[PDB]
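# Need a 3D model of the following:
(one chain, ligands or ions: 2)
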Amino acid sequence: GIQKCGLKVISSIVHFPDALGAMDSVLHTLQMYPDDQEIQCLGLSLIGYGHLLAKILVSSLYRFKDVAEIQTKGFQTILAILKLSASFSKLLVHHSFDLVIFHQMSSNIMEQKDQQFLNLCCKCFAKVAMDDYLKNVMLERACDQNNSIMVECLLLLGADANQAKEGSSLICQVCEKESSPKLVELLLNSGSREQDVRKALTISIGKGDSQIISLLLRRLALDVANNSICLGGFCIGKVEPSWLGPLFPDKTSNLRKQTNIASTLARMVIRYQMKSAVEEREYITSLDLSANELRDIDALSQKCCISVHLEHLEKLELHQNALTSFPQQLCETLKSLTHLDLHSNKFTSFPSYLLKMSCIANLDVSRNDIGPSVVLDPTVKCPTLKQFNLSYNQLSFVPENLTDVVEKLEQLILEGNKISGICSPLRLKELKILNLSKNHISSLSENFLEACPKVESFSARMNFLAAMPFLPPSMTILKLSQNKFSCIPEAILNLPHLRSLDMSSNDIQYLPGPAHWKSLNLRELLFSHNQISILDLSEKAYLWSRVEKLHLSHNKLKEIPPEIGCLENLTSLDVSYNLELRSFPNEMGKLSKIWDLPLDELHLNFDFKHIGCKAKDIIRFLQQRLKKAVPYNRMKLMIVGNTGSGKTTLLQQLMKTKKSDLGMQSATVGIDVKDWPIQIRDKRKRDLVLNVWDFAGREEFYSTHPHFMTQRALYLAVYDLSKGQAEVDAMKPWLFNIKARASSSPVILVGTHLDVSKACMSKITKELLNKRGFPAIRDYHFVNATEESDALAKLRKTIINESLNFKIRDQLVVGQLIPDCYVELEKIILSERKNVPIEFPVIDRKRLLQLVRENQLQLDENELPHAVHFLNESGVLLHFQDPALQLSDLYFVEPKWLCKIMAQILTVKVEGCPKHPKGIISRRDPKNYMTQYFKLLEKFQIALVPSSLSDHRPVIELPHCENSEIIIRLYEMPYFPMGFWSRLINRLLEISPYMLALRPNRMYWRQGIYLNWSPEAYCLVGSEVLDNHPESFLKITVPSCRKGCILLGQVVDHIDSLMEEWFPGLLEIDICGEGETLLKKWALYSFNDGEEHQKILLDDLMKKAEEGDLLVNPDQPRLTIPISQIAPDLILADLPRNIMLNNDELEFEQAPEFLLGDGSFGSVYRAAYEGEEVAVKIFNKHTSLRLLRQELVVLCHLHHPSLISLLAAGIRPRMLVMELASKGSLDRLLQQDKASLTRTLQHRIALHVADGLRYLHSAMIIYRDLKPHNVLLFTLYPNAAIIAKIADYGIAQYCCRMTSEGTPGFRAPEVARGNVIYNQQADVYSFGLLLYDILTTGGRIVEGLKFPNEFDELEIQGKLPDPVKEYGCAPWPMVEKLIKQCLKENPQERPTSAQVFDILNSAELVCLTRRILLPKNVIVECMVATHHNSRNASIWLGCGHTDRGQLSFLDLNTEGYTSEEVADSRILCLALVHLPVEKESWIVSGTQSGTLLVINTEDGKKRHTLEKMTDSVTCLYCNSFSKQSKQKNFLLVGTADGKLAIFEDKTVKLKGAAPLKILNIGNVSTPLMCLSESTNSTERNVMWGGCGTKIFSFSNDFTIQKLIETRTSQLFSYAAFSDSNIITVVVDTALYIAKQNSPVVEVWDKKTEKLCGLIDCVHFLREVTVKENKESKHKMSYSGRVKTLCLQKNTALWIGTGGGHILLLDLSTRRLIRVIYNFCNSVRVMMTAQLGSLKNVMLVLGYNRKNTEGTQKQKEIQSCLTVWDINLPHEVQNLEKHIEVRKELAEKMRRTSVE
Ligand SMILES: Nc1ncnc2c1ncn2[C@@H]1O[C@H](COP(=O)(O)OP(=O)(O)OP(=O)(O)O)[C@@H](O)[C@H]1O
Ligand SMILES: Nc1nc2c(ncn2[C@@H]2O[C@H](COP(=O)(O)OP(=O)(O)O)[C@@H](O)[C@H]2O)c(=O)[nH]1
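Numbering: from 1, shown residues only. Ligands and ions are numbered 1, 2, ... in the order given. Find the structure here:
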C-alpha cells in the first residue's frame, strides 16, 4: 500500500527533467496490486512515455470495462504506442483487445455525449484495423460473440466474409452458434459465396429456425425481378410455410433506420484512416420445389400464413420428389395455378380432384406408378386443361372419360404405359397431339380417330401395329416406327395434308411411287431398316419435289433410279448400309441442297473418304460426270524386289525400250517412277497407260517405300531364281508388306533367272507362299529378263489381262468413268512437266490456279482439292493434304524427282571422322533450296536419321525387374512392316509432354526407344526375338506403378493409331480359314510375384472378353491377379484416378426409358452417383474401346465452370458419366418456355457461353458446332454461379474421329463455302447467331423449321434481318451491336473470343434498355415523362436550335419524333400537371419570355398563355399537397429572380390563372435555378428549392423556414465553386447541391447547416483516366462538370458530368461504384420515369458532337436519349461479384487436374 505513492512520485519527475528499469517496475506493480486500488492502476498514464505490455493492457481495461475515465488513460497509452510501433497492433488483437474495444464502441456510447472519447477510441481502432489480415480476425472474433453493430463496421472496411476455410466459413459458423437474424443478413448482403451459403442450409435445416433459414432461401432462391422461387436443386428434406412466408412480398413492411450507428463508426474510422495516411402487389408466380426430396407436402395444405399468396401461384413444380397423395384441400386453395407438373413422384392413383382446379392447364403427371385404370370422375368439368401428360405410368387402358371431363384437351400424351386393348372411339373435339408410343397396342378400332377432326401429330411407336384406322384428313406429322407393318396402308396414302412420315424398322416390301400419295406437301419420308426392293420414281416424280429427307438406309435397295434428280429440294438423303447399290446415278448431281449423304458400308463406283468427300463434293463430282464423262485408263504397276533381281533390267524389256544405251547401269536410287503406254492393237481401242514404280531393293531405302505403296496398283515380285529356293524365302517380307499396305491388290511373282539355271521353286511358292497370310498371288512366271522371248511375251500378256480385271469390290478400276474435267487437268500437268525448273519441279497453288485460267477448265476452288487428289492416286503428281505438314501449297509434279531426292540423304556417307554415333547427323550440305530441303525431310519425318541407326542394341539393366513391378505386352507379328520403326520411334519421340513438359533423356537404337524419367517411371519399347520362333515381337516393359500405368496406356495408343492408319491390313480379320488376324497382341502375367520362372502369354482378345469380372485366375482358383496390374489400359486405369467408375455407388437403370428423359428418344440416361444426380451416356456398339479411351484423354483436362465436366467412366457397359443439366438443353427452353428468359438470364447464358469459348480458344481447340441445343442450362435463377454449360463431348468425338461442317442454320460463311480452312473466328459467327436466337427468344428457329433451305442461306450471307423489326422483342441496343460485329463477312474482322467476353462482362450493356437517336441537329435541353398513363409512355421534349421555342413530342415504342411550334421564345423547362377528373393531363411550358403556355394531352389546339412573368422562367414543378382532406395540388414557376408564383392543379385551364402567393425571394441578381421535394412523405413533403446561391425551403405555410447559404463556406481551397449559381438540389437525409461549372457536389445538412461532405468529381475520374488516357497530360484545364443530379430511392446517386461520364455514388457506405463513360459527350438532362408496367427507368438525355466541320467554327450536335434500368448500381456490383465467384471456380477446377 505504498506503490500508489511511489507511482505518484514517479509521475511528477518523469516529466520535467526529461527522465530516461523504469518501465519494468511500473509494470510489475500492476500485477502486484491488480483488480484493486484503481488509483495505483492509473499508472497506465506513465506507460505513454517482451509482449507483456499487451497482456497487461487488454486485461486492465477489460476488468475495468466501465470503471471510470481510466479507459481514456488506457486508450491514450495504446494510441501513443501504436503511432511509433505500428507492429504492436498484431499483439493487441492477438489477446483480448476485441473483448474491450467492442464493448466501448457499443456500451450505449450513441445517445451519450462522450464525443471527445469516441473520437479517441475510433482513432485507436483506425490503426488496429490497418492490416488486411487483422480485419479478417477483428471480424471473425466479432461473430462468435453476437455483435451486430461491429460486424457491420468491419464489413464497410473490407474484411471479406468468405475466407475462413473455404469449405467452411463464417456463414456456416454463424448458423451453428444460434446467432441473431440481423447478423446473418449482413454477411449475405456482403461478399458471400454461394457454395458456402448453401452448406449453411443443411446446418440450419437440422435445427428448426424460421428466420435464419428464410434469410438463406431469400439469397439462394428468390428472383424478385422475375417473381419466382427457384428452390429446385436443394435437397431440403421437407418444406414448411414458416420458411416461405418472408419470401412472398408484403406491402406493409416498412422499417426505420438504425444501422446508421455502424455507418457513423465506419466513416469516422475511415476519416482517421485517411488523415493518418494522407499526411503521413406484384404477387410472385413461379414456385419451384423440384429436387427437394419431399415425402409429403401436407404442411402447405393448411390455412397457414402463405395461404393468401398461393392463390396467385400460376405455376408450381414438384417433379422428381417422392410425393404421393396431393392434398385435397391444397388443390382448392391455389385457385390460379395454370402450370402444374409433378412427375417422377411415387403416385399410385390419379387424385381426380386436381381437375376441380379453377384455371389449370398443362397438368403433367408423367413418371409415377399410376395403377391399371385411371378413370376420371364423370362429374368434374375442367374445360381449361390443354395438355394432359400421363407418360411412363403403368396404365393398362386409356383414361376413361376424357370426353365428359376434359373437353378442350389438346395434347393427350400416353406413351411408355402398358396400354393393350383395342381402344375406344375417344370422342375428343380438339386434340392436336396424340401419343401412344412404347405401349403394347395390337390394333386400333376402325372408328378410333373418327371423332377428333383436329389431330395433327399422331405418334404410335414401338407398338405391335399392322393396320391403320381412318386417319383424319388433318394429319400433318405421323410417326409409326418400330411397329410390325407389311405395307403402307391405304389410309395413310390418302391424307391430303400429310407433311412427315416416320415408318422405320417395319418390314414393309413396296414403297408406293409418288403417284399414289394424294398430298403434295411431303417433306420427310423416313423408311430406314425396312425391306424395300425398288424405289419406283419413274411414273411421276415431281410430286415429291418438296421432300427434304428420304431415309432409305438398311434396305434391300439395288439401284437409285435416275429420276431422283427431280427431288430438287432433297436436303438429307440417306441410302447407306444397302450393300447392293454399286452405283449412284449421274443425275444425282442436280440435288444442289444436299448437305449430308452417308456412305457407310456400301461400295460405289469411286473411292471416297480420303479426308474430304463430305457429301457436298460427291454431288459436284456426280454433276461434272453429267457434262461429259470419259473412261480413265491409268493404273500403277509396282515392281518389287531386293538388292539383285530383274527389276530395272526386266522393266526395260517389258516396255521394249529398244536402246538401253547405257552399256552398264547401276543400282536404283529412290524408286525411278516411269510410265509406258500399252496401245493394244486389237478390236478394243482402249489405250491404257500404267506407270511403273520399280522400287529400289537395297535395305536402306525401305524407310520411305510405304509412302508409295498405294492400294490401286498391281504389284510385281522377282525371285532371282539363280539362288533357287533361298531367295523365295528372302522375298517373303516384300510380299508381307504388300499384304500390309494393299491387301486387295494382285501380285505376280516373276522368277527372273533362266539364263543361269533349280526351277523346282514352283513347289515352295505353291506350298508355303501361295495362300498363307500373304496377298493374292495371281500368277508366277520364269522369264529370262535380258532378251525378248516367248517366256517373257506371255508375262507382258498377263500384266494386261490382270490389269483389265483388277476389280476391287467389283469395280474394274482400270475402266471407270470420271469427269472429263480431270482428264483435261491431267493433260495440262503433263504438258507443264516440260516447263518447270528441273532443280525444283514443285508448283505452288498460285501457279496452279492460273493453269486452269489459261485453258477453259470449268473447275472451281471446291473442285481442285478433289481433282488434284484423284490425279495423286493415279501417280501424275504428288500432293499431301496433311495440315500438320505445312506444305499443302507445294504440288509435286514429276514424282520421279521427289522420290529421288528423299533417297539422296540415305546414301550420303562420310569416310572421315566418326565424331558422332552412327545415325545422327547435323545440317551439312541451292538458292534457299537447302532450307526447303529438310523443311520437307523433317516434314517427311526423316529428320537424326531414324534409319541406318546403330542396329546393335545396348545392354540396358532396368532398375526394378523382379517379375512383379513391370508390365509387359508383346505384339507378335510375322514380319516387321517396312516403315514401322522409323515411324514408331518418331511418334513416341516427339511426345516429351508425358506425365503432363519435362523431357526424359532417352537412348533410341534402330528398333527401340527406352525413354526414362526416373527408375520409378520409364518405358522401353524394344524388339526381341524369342526362342524357336520365326515371328517378330514388340516387347514393351513399363513399371507397374501409377506413373507407369499411364505410359503403357499412352504408348499402346500411338502404336495402334499407327497400325490402323498406315498398315490397316495387319489388323484385318481374315474370316476365311480362321481369325488369325496377323497381329496377336499378347499380354504377360504371372501369379507368382517373382521367381515365376516364366510369364504366361494371354491373348488380349480373349482377356478383353474377361471384363464380366475384374480378376483373372488359373484353373487352380485359389489365387488371382487383378486385371489392372496386367493390362491397365483395357480397364480405364491410366487416365486420371478420379474418374474410375466405382460401380458400388452408381445407381442406374439402363433398361427403362422413363429414366432416359434426357432429350428425346436419345441415348444419354439419368442416374445417381455418390448420392447426387448425374447423366450417364451409354455407348452403342459403334464406338470401340480404343476410341473411347482416345476421347476421354482430352475430356479429362478441360475443367471449366462453363463446360460439362466428367465424373467417371468405365466398362460394364461402356458408359460415360457427366453432370446432370437440371433444366435441360437451351433449345427446349426457348421452344416452350419462352417466358423464362428475362433479359438478365438471357445475359448470364451468353456470358457463360462466351466464357466457355474464352477457354476453348485458349487451349487451341475450336468448338465447330455451337447451337441452342448444345447449351445445357443448370438453373433458371439469374444471380447464380453456374447457369449455362456448353456440351463438351462433341469436340472429343471430332478431335478423335475427324457435322464437321456444322448444322446448316447455325453456321458461318467461311465453313459452309468449304473452300477455306476454319478458324477461331468461326465459333464466333456461330456464337453471334446464338446471341440472335437468345435475343429473339428462338424466333428464327421456329420459322426456320418450315423454311429450312432459307433457314441456312438467308444467314449464310450476313443478310439476316433486324432482330427487333422482324421479331417482337425488347431492343437491348448494346447487344444488337455485338451481334453486328460477330456477324461480319470477313473472318478476322469479327471480335476474338477474348473480346466478345470482355464486352459482355460490362454491367452497363445489361441495363441500357433502348437508345433513341433523335433527328439530326436537334438541340433539346428539357424533358418530361407521362406517368399517369402506364399502358405506354411518351417523353415531351423541348427545342434549342431555334430562338423561337417549340415542343417536340416523342413516343417510346414507335419513336415518332413530332414537331409543333407552340411559342415565340425558346423554352427552358416543362412540367406535367394531371387532374384526377376529366381524364386528362395538360403540359406546361416555361420560356425565356415568360409565356407560361398550357396545352392538352390530346388536343394540340386548346392553349392559353397564362399570366406572363417578368424574367425567364427556369424551373417548374408539380407537387403533392393535398392538405384539404381531399386531392389538391399546386405548381411553382421559378422565375429568374425568385418570383415563385404558386397555383392550383384544376385552375390551370383558365386563361390567366391566379398566382396564389408570389413569394419574391431574392433579387434580380439572384436567379432561381432548381426545385425539389422531400424523399419521404412522412414529413409532409417539405420542399427544398435553390435560388442563386441561397438555398431555402417551405411547407404548407408557403413561407421561408430555412435560408441556408453556401458562399460563406469555411473550407476554402477554391472560392467560386461556392460563389456561383446553384443548378440542382436533391433531398435526402442530407442535401446534395450542384453549382455552375462546379466539379464538386456539396453535402450539406438540414438541421446543422454545415458542409458534412465534399465530393469532388475528378477524385474519381482521374483515377481511371491514368493509363487508358495518355494525351490528357496537356489537358490540365479539365472539362467535365456536374450538370444534373438524380438520387435513387435509397441506393445510389446519379451525377451527370459535363463530359460523357455518369457517376454512381453509393451514398451509404462506399463512394465510387462505376463510371459509365464513352456513350455520349454531354449528359445535359437526366431524370427518372416509369414505362409500361416495366417501371423505374432512368432517362439520360446526352449529346454527341462530331467535328466534321470544326474548322468552320461549327459542330454537328446529335442528342442521344437513352434509357437505363434503374437497377444499374446493383447490377454493376452484383455482376462484379458474379465474375469473382467464377474466377475462384475457374482456378480450383484447374487444380483437380494436378490433384
Ligand atoms: N449432361 C447432360 N445433362 C442433361 N441433359 C443432357 C446432358 N447431355 C445430353 N443431354 C440431353 O440429352 C439429349 C441427347 O443428347 P445427344 O448427345 O445424344 O444428342 P446427339 O449427339 O444429337 O445424338 P446422336 O449422337 O444420336 O445424334 C440431348 O437433347 C441433350 O439435350
Ligand atoms: N545376268 C543377268 N543379270 C541381270 C538380270 N536381271 C537383272 N540383272 C542385273 O541386275 C542389275 C539391275 O539392278 P537391280 O538389281 O534391278 O537394282 P535394284 O533395283 O536396286 O535392286 C543389272 O546390272 C543387271 O546386271 C538377268 O536376267 N540376267
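
# Near ligand 2, which residues of the stretch 1101-1250 of the chain are found?
Within the stretch 1101-1250 of the chain, no position lies close to ligand 2 (C-beta under 6 Å from any ligand atom). For every residue, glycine as well, the C-beta is placed using N, CA and C.

# And the chain, by the same measure?
Close to ligand 2, as judged by C-beta under 6 Å from any ligand atom, the chain has residues 641, 643-649, 665, 667-668, 696-698, 752-753, 755, 784-786.

# can you tell me which of the residues you listed are in strands?
In strands, judged by DSSP state E, none of the residues of the chain next to ligand 2 are found.

# so of these, which ones are in helices?
Judged by DSSP state H, helices contain none of the residues of the chain next to ligand 2.

# Are any of those buried, and if so which?
641, 644-648, 668, 696-697, 752-753, 784-786 (16 or more other C-beta atoms under 10 Å).

# Where does the stretch 751-900 of the chain get nearest to ligand 2, residue-wise?
Scanning the stretch 751-900 of the chain for the residue nearest ligand 2 gives residue 785, at 3.4 Å (criterion: C-beta to the nearest ligand atom).

# Does that residue touch residue 651 like I think?
No. Judged on C-beta atoms under 8 Å, residue 785 makes no contact with residue 651 at a distance of 9.3 Å.

# Buried residues in the lengthiest helix in the chain, which are they?
Longest helix of the chain, by residue count under DSSP H: helix 1768-1794. Counting neighbours by 16+ other C-beta under 10 Å, one finds that the buried residues in helix 1768-1794 are 1768-1773, 1775, 1777-1778, 1781-1782, 1784-1786.

# could you say what helices and strands that helix packs with?
helix 1241-1256, strand 1702-1705, strand 1712-1715 (3 or more C-beta pairs under 8 Å, 6 or more residues apart in numbering; DSSP states H and E).

# ok, and what's touching the second one?
Right, the one you point to is strand 1702-1705. 1655, 1657, 1660, 1692-1697, 1711-1717, 1723, 1726, 1740, 1768-1769, 1772 (C-beta atoms under 8 Å, 6 or more residues apart in numbering).

# hmm, try it at 6 Å
1692-1693, 1695-1696, 1711, 1713-1714, 1716, 1723, 1769 (C-beta atoms under 6 Å, 6 or more residues apart in numbering).

# Would you check which pair of these lies furthest apart?
Taking C-beta to C-beta, the two most distant members of the contacts of strand 1702-1705 are 1711 and 1723; they sit 19.0 Å apart.

# So for these two, which sits in the more crowded spot?
residue 1723 (28 against 14; other C-beta atoms under 10 Å).

# got a list of what that one touches?
1683, 1696, 1702, 1742 are the contacts of residue 1723 under C-beta under 6 Å, 6+ apart.

# now with 7 Å?
Contacts for residue 1723 (C-beta atoms under 7 Å, 6 or more residues apart in numbering) come out as 1683-1684, 1696-1697, 1702, 1740, 1742.

# So it lies in a helix, does it not?
No. According to DSSP: H, G, I helix; E, B strand; the rest coil, residue 1723 belongs to no helix; its state is coil.

# Who does the closest residue to it other than its chain neighbours form a beta bridge with?
In space, and not counting its chain neighbours, residue 1723 is closest to residue 1696: 3.5 Å by C-beta to C-beta, 6 or more residues apart in numbering. In this structure, residue 1696 bridges to residue 1684, residue 1702 when assessed by DSSP bridges.

# Tell me how many other residues surround residue 1696.
Residue 1696: 26 surrounding residues under other C-beta under 10 Å.

# please begin residue numbering at 47 from this point
In the new numbering, first residue 47, that becomes residue 1742.

# For it, list the residues it contacts.
By C-beta under 7 Å, 6+ apart, the contact list for residue 1742 reads 1729-1730, 1748, 1769, 1772.

# between those residues, which is closest to ligand 2?
Closest to ligand 2, out of all of the contacts of residue 1742 and judged by C-beta to the nearest ligand atom, is residue 1748, at 84.1 Å.

# Quickly note the distance from the closest one to residue 1471.
18 Å (C-beta to C-beta, to the nearest Å).

# neighbour-wise, which of the two wins?
In terms of neighbours (other C-beta under 10 Å), residue 1748 is the more surrounded of residue 1748 and residue 1471; the figures are 27 against 17.

# Up against ligand 1, what does this protein have?
Within the chain, the residues that sit near ligand 1 (C-beta under 6 Å from any ligand atom) are 1204-1205, 1208-1210, 1221, 1250, 1264-1267, 1270-1271, 1318, 1333.

# Swap in 5 Å and give it another go.
By C-beta under 5 Å from any ligand atom, the part of the chain that sits against ligand 1 consists of 1204-1205, 1208-1210, 1221, 1264, 1266-1267, 1271.

# which one of the residues you listed sits closest to ligand 1?
When the residues of the chain next to ligand 1 are compared against ligand 1 (criterion: C-beta to the nearest ligand atom), the nearest one is residue 1205, at 2.4 Å.

# what's around that closest one, how many residues?
Using other C-beta under 10 Å: residue 1205 sits among 13 other residues.

# A strand includes it, no?
No. Counting by three-state DSSP, residue 1205 is not found in a strand; it is coil.

# Spatially nearest residue to it, not counting backbone neighbours?
Using C-beta to C-beta, 6+ apart and skipping residues adjacent in sequence, the residue nearest residue 1205 is residue 1271, 7.0 Å away.

# try residue 1689
Here the residue nearest residue 1689, using C-beta to C-beta, 6+ apart, is residue 1699, at 3.0 Å.

# Distance-wise, check that neighbour relative to residue 1753.
Counting by C-beta to C-beta, the gap from residue 1699 to residue 1753 is 9 Å.

# neighbour count winner among the two?
Between residue 1699 and residue 1753, counting by other C-beta under 10 Å, residue 1753 is the more crowded of the two (20 against 15).

# list the contacts for the nearest residue to that one once chain neighbours are set aside?
With sequence-adjacent residues excluded and distances taken as C-beta to C-beta, 6+ apart, residue 1753 is closest to residue 1739, at 5.3 Å. Contact analysis of residue 1739 by C-beta under 7 Å, 6+ apart lists 1678, 1731, 1733, 1751, 1753.

# Just give me the neighbour total for the third one.
In this case it means residue 1733. 19.

# Residue 1674 is in contact with that one, correct?
Yes. Residue 1733 lies in contact with residue 1674 (C-beta atoms under 7 Å); the separation is 6.0 Å.
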